[PDB]
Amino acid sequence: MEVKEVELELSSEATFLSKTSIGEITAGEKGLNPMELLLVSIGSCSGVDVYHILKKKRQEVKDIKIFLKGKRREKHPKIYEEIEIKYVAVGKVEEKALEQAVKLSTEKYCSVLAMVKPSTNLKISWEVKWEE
């Protein structure tokens, strides 16, 4: 069982300097918004999967853009009742390859996403932009 550890310390009003393996970022009221950071965690975790899978499937990736939109419940806890994730692959990428990468990521590899899926309505979409 791999262990991951982070440590936070107050840096300003309701804000924390958060220590990770690569460095420290400020998260909170006067720093990175925690709920936006959750979307970044989800997006990057999945993005890593899609990148590697696309590479394994011999696709030529010029760029990968991921757009995440979350809609929060009005009463506490204000969790995301819905999360829309749109993947856009740019380069010599076949739509079938991108679909496979996104599905494998969202249904098997993405650890961050697997932890929140049971508490929200996930809407996934993707598209390719053929470029040289």
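A residue's number is simply how far along the shown sequence it sits, counting from 1.
In this crystal structure, the stretch out of 91 to 99 and 66 to 74 whose C-alpha atoms carry the higher mean B factor is 91 to 99. Note on 52 to 60 vs 26 to 34: mean CA B-factor is higher in 52 to 60.
Per the deposited record, the Cα B-factor of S11 falls in the highest third when ranked against the other modelled residues of its chain.
Annotation for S111: CA B-factor lies in the lowest third of the chain's modelled residues.
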